[PDB]
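Engineer: This structure is in structure tokens; I'll ask about it shortly.
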Amino acid sequence: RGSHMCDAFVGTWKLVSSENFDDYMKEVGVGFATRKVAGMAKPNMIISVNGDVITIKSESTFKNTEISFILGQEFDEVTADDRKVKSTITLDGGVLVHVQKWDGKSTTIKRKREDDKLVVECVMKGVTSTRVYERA
Ligand SMILES: Cc1n[nH]c(C)c1-c1c(-c2cccc(OC(C)C)c2)n(CCC(=O)O)c2ccc(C3CC3)cc12
């Protein structure tokens, strides 16, 4: 019950830049209207740890959601775009790797600290979106 290295992710984060998000979304299969409304949002992301359980929440004009999970242990997740997926989050040397699977597809969201930023890379097949957060 002392420090985690994940206690580098802990806190409150605000989105400060987005690249290629619409394309990432299209590749995922997100509908037009949802893409438009989601891409406008400037969420905060709140990350906390309590023993082995990591919680990530979004505070967003698009959708307020939360996930709680244990590294390496699969869980059910209903995404903001209303996909029902099976997810697993692991820590691969400093990077939090979030894999979502549904209908024989998958997408990977990687989150890592760089300088004072938390960089989120969303990947679907060959399309990558980079979403950059700073401390709130
Ligand atoms: C849950 C939510 N509310 N408002 C936004 C924006 C989102 C959203 C998040 C997000 C942002 C902050 C925290 C967060 O936490 C959850 C893991 C609880 C998710 N991600 C993850 C990648 C990112 O940080 O933008 C998304 C990836 C794709 C999509 C589009 C609909 C398909 C939306 C999001």
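Residues in the structure tokens are numbered from 1 in each chain, the chains being A, B, ... in the order shown, and ligands are numbered from 1 in the order shown.
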Can you check which residues of stretch 3-132 of chain A DSSP gives as helix (DSSP H, G or I) on the backbone and send them as an mmCIF file with N, CA, C and O atoms, in the first residue's frame?
Structural biologist:
```
data_model
loop_
_atom_site.group_PDB
_atom_site.id
_atom_site.type_symbol
_atom_site.label_atom_id
_atom_site.label_comp_id
_atom_site.auth_asym_id
_atom_site.auth_seq_id
_atom_site.Cartn_x
_atom_site.Cartn_y
_atom_site.Cartn_z
ATOM 1 N N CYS A 6 2.329 3.826 -11.223
ATOM 2 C CA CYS A 6 1.108 4.379 -11.822
ATOM 3 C C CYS A 6 0.769 5.693 -11.104
ATOM 4 O O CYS A 6 0.315 6.604 -11.688
ATOM 5 N N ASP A 7 1.095 5.796 -9.837
ATOM 6 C CA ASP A 7 0.957 7.096 -9.202
ATOM 7 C C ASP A 7 1.731 8.259 -9.948
ATOM 8 O O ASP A 7 1.854 9.297 -9.402
ATOM 9 N N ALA A 8 2.191 8.059 -11.213
ATOM 10 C CA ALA A 8 2.558 9.107 -12.233
ATOM 11 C C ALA A 8 1.360 9.555 -13.155
ATOM 12 O O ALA A 8 1.447 10.503 -13.928
ATOM 13 N N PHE A 21 -8.672 12.810 -34.617
ATOM 14 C CA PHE A 21 -9.693 12.129 -33.854
ATOM 15 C C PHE A 21 -10.902 11.696 -34.700
ATOM 16 O O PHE A 21 -11.442 10.658 -34.518
ATOM 17 N N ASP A 22 -11.291 12.529 -35.646
ATOM 18 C CA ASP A 22 -12.430 12.186 -36.470
ATOM 19 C C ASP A 22 -12.104 10.945 -37.291
ATOM 20 O O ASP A 22 -12.904 10.084 -37.430
ATOM 21 N N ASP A 23 -10.898 10.870 -37.780
ATOM 22 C CA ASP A 23 -10.506 9.744 -38.615
ATOM 23 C C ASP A 23 -10.450 8.481 -37.759
ATOM 24 O O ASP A 23 -10.828 7.440 -38.191
ATOM 25 N N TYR A 24 -9.958 8.624 -36.528
ATOM 26 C CA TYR A 24 -9.898 7.475 -35.640
ATOM 27 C C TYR A 24 -11.314 7.000 -35.454
ATOM 28 O O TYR A 24 -11.617 5.871 -35.607
ATOM 29 N N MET A 25 -12.194 7.922 -35.137
ATOM 30 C CA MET A 25 -13.565 7.565 -34.943
ATOM 31 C C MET A 25 -14.210 6.918 -36.168
ATOM 32 O O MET A 25 -14.924 6.015 -36.040
ATOM 33 N N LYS A 26 -13.970 7.456 -37.333
ATOM 34 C CA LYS A 26 -14.541 6.846 -38.521
ATOM 35 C C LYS A 26 -14.085 5.404 -38.633
ATOM 36 O O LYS A 26 -14.822 4.579 -39.000
ATOM 37 N N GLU A 27 -12.841 5.147 -38.335
ATOM 38 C CA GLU A 27 -12.291 3.819 -38.501
ATOM 39 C C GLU A 27 -12.886 2.838 -37.527
ATOM 40 O O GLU A 27 -13.058 1.698 -37.816
ATOM 41 N N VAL A 28 -13.212 3.338 -36.362
ATOM 42 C CA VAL A 28 -13.933 2.591 -35.363
ATOM 43 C C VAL A 28 -15.373 2.281 -35.786
ATOM 44 O O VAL A 28 -15.898 1.293 -35.419
ATOM 45 N N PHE A 32 -21.858 9.736 -37.833
ATOM 46 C CA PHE A 32 -21.620 11.132 -38.074
ATOM 47 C C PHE A 32 -21.959 12.023 -36.895
ATOM 48 O O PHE A 32 -21.161 12.718 -36.432
ATOM 49 N N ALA A 33 -23.177 11.948 -36.434
ATOM 50 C CA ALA A 33 -23.620 12.857 -35.414
ATOM 51 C C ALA A 33 -22.783 12.693 -34.129
ATOM 52 O O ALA A 33 -22.321 13.613 -33.570
ATOM 53 N N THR A 34 -22.570 11.461 -33.739
ATOM 54 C CA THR A 34 -21.755 11.187 -32.594
ATOM 55 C C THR A 34 -20.312 11.678 -32.770
ATOM 56 O O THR A 34 -19.763 12.155 -31.870
ATOM 57 N N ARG A 35 -19.728 11.524 -33.949
ATOM 58 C CA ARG A 35 -18.388 12.013 -34.226
ATOM 59 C C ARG A 35 -18.298 13.526 -34.058
ATOM 60 O O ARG A 35 -17.361 14.035 -33.545
ATOM 61 N N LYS A 36 -19.324 14.216 -34.524
ATOM 62 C CA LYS A 36 -19.333 15.659 -34.485
ATOM 63 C C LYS A 36 -19.370 16.159 -33.037
ATOM 64 O O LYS A 36 -18.661 17.048 -32.675
ATOM 65 N N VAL A 37 -20.256 15.573 -32.261
ATOM 66 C CA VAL A 37 -20.456 15.969 -30.869
ATOM 67 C C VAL A 37 -19.308 15.502 -29.953
ATOM 68 O O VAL A 37 -18.909 16.188 -29.083
ATOM 69 N N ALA A 38 -18.791 14.311 -30.189
ATOM 70 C CA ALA A 38 -17.615 13.857 -29.482
ATOM 71 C C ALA A 38 -16.334 14.637 -29.754
ATOM 72 O O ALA A 38 -15.564 14.796 -28.905
ATOM 73 N N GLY A 39 -16.103 15.012 -30.980
ATOM 74 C CA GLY A 39 -14.910 15.731 -31.337
ATOM 75 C C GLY A 39 -14.870 17.160 -30.822
ATOM 76 O O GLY A 39 -13.883 17.765 -30.778
ATOM 77 N N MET A 40 -16.026 17.680 -30.436
ATOM 78 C CA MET A 40 -16.079 19.003 -29.880
ATOM 79 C C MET A 40 -15.669 19.054 -28.391
ATOM 80 O O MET A 40 -15.212 20.011 -27.930
#
```
Engineer: I'd like the neighbourhood of residue A:64 as a list in words, where a residue qualifies if any of its atoms comes within 12 Å (using only C-alpha atoms), though same-chain residues fewer than 2 positions away should be ignored.
Structural biologist: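 Final neighbour list, sorted by chain and number: residues 38, 41, 42, 43, 44, 45, 46, 56, 57, 58, 59, 60, 61, 62, 66, 67, 78, 79, 80 and 81 of chain A.
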Engineer: Quick one: pull the distance between atom 26 (C, counted along the ligand's line) of ligand 1 and atom CA of residue A:131, Å, one decimal.
Structural biologist: 9.2 Å
Engineer: Excluding residue A:96 and residues on its chain fewer than 6 positions from it, collect all residues at most 6 Å away from it, counting only C-alpha atoms, and give them as a list in words.
Structural biologist: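 Selected residues are residues 90, 110 and 111 of chain A.
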Engineer: I want to know what sits within 6 Å of residue A:133, based on only C-alpha atoms, with residues of the same chain fewer than 4 positions away left out; could you give that as a list in words?
Structural biologist: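 So the residues in contact are residues 13, 14, 15, 16, 117 and 118 of chain A.
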Engineer: Determine which residues of chain A DSSP labels as strand (DSSP E) from the backbone of this structure, then write them out as a ChimeraX atom specification.
Structural biologist: /A:11-19,44-50,53-59,66-70,75-78,84-92,95-102,105-114,117-124,127-135
Engineer: Taking only C-alpha atoms and all ligand atoms into account, name the residue in A:65, A:12, A:48, A:17 that is nearest to ligand 1.
Structural biologist: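 Checking each candidate against ligand 1, we get A:65 as the closest.
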Engineer: If we count only C-alpha atoms and set the cut-off at 7 Å, which residues sit around residue A:129, ignoring sequence neighbours fewer than 6 positions away in its own chain? Please answer as a ChimeraX atom specification.
Structural biologist: /A:19-21,24,121-123
Engineer: Write the residues you've just listed into a file as a compact mmCIF listing (two decimals), in the first residue's frame, and include N, CA, C and O atoms for each of them.
Structural biologist:
```txt
# COMPACT_ATOMS: atom_id res chain seq x y z
N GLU A 19 -5.50 15.42 -32.48
CA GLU A 19 -5.17 15.27 -33.87
C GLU A 19 -5.82 14.01 -34.41
O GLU A 19 -5.76 13.00 -33.77
N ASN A 20 -6.40 14.09 -35.58
CA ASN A 20 -6.90 12.94 -36.28
C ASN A 20 -8.00 12.17 -35.56
O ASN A 20 -8.28 11.08 -35.89
N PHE A 21 -8.67 12.81 -34.62
CA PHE A 21 -9.69 12.13 -33.85
C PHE A 21 -10.90 11.70 -34.70
O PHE A 21 -11.44 10.66 -34.52
N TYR A 24 -9.96 8.62 -36.53
CA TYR A 24 -9.90 7.48 -35.64
C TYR A 24 -11.31 7.00 -35.45
O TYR A 24 -11.62 5.87 -35.61
N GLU A 121 -2.77 7.83 -27.18
CA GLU A 121 -2.72 7.49 -28.58
C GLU A 121 -3.81 6.44 -28.79
O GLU A 121 -3.80 5.43 -28.16
N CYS A 122 -4.75 6.76 -29.65
CA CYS A 122 -5.82 5.87 -30.00
C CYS A 122 -5.56 5.30 -31.39
O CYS A 122 -5.40 6.01 -32.33
N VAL A 123 -5.57 3.98 -31.46
CA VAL A 123 -5.23 3.29 -32.66
C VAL A 123 -6.30 2.33 -33.12
O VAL A 123 -6.71 1.50 -32.40
```
Engineer: Compile the contact shell of residue A:1 as a list in words: residues with an atom at most 9 Å away, counting only C-alpha atoms, same-chain residues fewer than 5 positions apart removed.
Structural biologist: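 Those residues are residues 50, 51 and 52 of chain A.
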Engineer: May I have the residues within 7 Å of residue A:86 as a list in words, using only C-alpha atoms and disregarding those fewer than 6 positions away in the same chain?
Structural biologist: residues 74, 75, 76, 77, 100, 101 and 102 of chain A
Engineer: Just the selected residues (N, CA, C and O atoms), exported as an mmCIF file, in the first residue's frame, please.
Structural biologist:
```cif
data_model
loop_
_atom_site.group_PDB
_atom_site.id
_atom_site.type_symbol
_atom_site.label_atom_id
_atom_site.label_comp_id
_atom_site.auth_asym_id
_atom_site.auth_seq_id
_atom_site.Cartn_x
_atom_site.Cartn_y
_atom_site.Cartn_z
ATOM 1 N N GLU A 74 -9.662 -8.748 -17.439
ATOM 2 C CA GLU A 74 -10.637 -8.288 -18.401
ATOM 3 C C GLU A 74 -11.891 -7.824 -17.705
ATOM 4 O O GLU A 74 -12.287 -8.399 -16.735
ATOM 5 N N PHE A 75 -12.435 -6.751 -18.237
ATOM 6 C CA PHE A 75 -13.705 -6.203 -17.821
ATOM 7 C C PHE A 75 -14.652 -5.785 -18.972
ATOM 8 O O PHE A 75 -14.248 -5.685 -20.075
ATOM 9 N N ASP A 76 -15.917 -5.579 -18.650
ATOM 10 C CA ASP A 76 -16.875 -5.116 -19.633
ATOM 11 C C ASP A 76 -16.882 -3.617 -19.620
ATOM 12 O O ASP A 76 -16.875 -3.047 -18.610
ATOM 13 N N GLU A 77 -16.959 -3.022 -20.781
ATOM 14 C CA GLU A 77 -16.998 -1.590 -20.881
ATOM 15 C C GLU A 77 -18.027 -1.185 -21.970
ATOM 16 O O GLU A 77 -18.055 -1.750 -22.987
ATOM 17 N N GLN A 100 -9.603 -2.783 -26.418
ATOM 18 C CA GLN A 100 -11.030 -3.008 -26.498
ATOM 19 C C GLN A 100 -11.384 -3.928 -27.682
ATOM 20 O O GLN A 100 -10.898 -3.730 -28.753
ATOM 21 N N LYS A 101 -12.209 -4.935 -27.406
ATOM 22 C CA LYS A 101 -12.598 -5.900 -28.399
ATOM 23 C C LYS A 101 -14.079 -5.992 -28.485
ATOM 24 O O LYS A 101 -14.705 -6.093 -27.511
ATOM 25 N N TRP A 102 -14.572 -6.000 -29.705
ATOM 26 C CA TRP A 102 -15.957 -6.130 -30.033
ATOM 27 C C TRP A 102 -16.129 -6.534 -31.488
ATOM 28 O O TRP A 102 -15.376 -6.157 -32.362
#
```
Engineer: Ranking A:135, A:113, A:98, A:4 by minimum distance to ligand 1 and counting only C-alpha atoms and all ligand atoms, which one comes first?
Structural biologist: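 The shortest atom-to-atom distance to ligand 1 comes from A:98.
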